[PDB]
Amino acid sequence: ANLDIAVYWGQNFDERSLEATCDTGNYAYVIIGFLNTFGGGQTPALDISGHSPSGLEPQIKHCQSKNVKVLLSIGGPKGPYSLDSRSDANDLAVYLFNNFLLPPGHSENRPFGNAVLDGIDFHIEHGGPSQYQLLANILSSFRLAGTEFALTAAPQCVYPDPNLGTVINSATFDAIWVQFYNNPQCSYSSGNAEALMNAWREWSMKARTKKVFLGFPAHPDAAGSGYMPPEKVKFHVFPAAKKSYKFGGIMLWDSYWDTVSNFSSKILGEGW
């Protein structure tokens, strides 16, 4: 199917390591979550379930050496993050750029050491659009100032998204993974994919991005609702989705669960 799979990593202290996740060969993107603290007088902080940030340095490089794109996700499902001021946007943009998207300038420091990430993922779950458009604008400007990195977003499945809808409308994102879960109005539920398919139709039609990925839970325990078994996704979801020029593949939540479920292995025919 040539399927590209994006996966979130960093949700569990005890999860399969970052390097081992990349070694699976199942993913085109691994999204480290999350920078879940910023804004509102706060200094930015990571919540990567107790994993050592510095410890990630070599793992990230290993991932990239095997051609897996490694992104940092800002926000997340939960967390004391906000971005209501223009200053907040400027601060976070410069912070992300200096620290994660450029080689060391040898002065301050960097959470992931001297590793250079392949992009930033907007997983904004609350607060409304606030100043996220400005953040994207500044990061996008950097994208044009010599640092070739990607900008992605993870909106919930109701179109348009209340938090990222406007930013998405700017066409600034290289790719978007819609969370087709935790919302019965637009995800699989009751052995019925109508709501899911209608939502996919609208997203593939209206989202101003080159690639739209369908995000699914990798296990029934991974989300409150919306889990769809892999065989059902292949049978039911792919034929229609593949007819879209914007179909990018799927996103899974998350590595910890995927390791248990073998969802990606099943979707791919076992892609070791």
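Each residue number is its position in the shown sequence, starting from 1.
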Between 219-227 and 29-37 (mean CA B-factor, as deposited), the higher: 219-227
Residue stretch of maximal mean CA temperature factor, 72-80 vs 93-101: 72-80
Largest Cα B-factor, entry values, listed residues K61, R208, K234, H51: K234
Selection from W200, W177, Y159, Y188 [criterion: highest C-alpha temperature factor in the record]: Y188
For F213, the third of its chain into which the C-alpha B factor falls: lowest
CA B-factor placement of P129, once the chain's modelled residues are sorted into thirds: middle
For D88, the third of its chain into which the C-alpha B factor falls: middle
Chain thirds of CA B-factor: placement of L144: highest
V260 CA temperature factor, ranked by third within the chain: highest
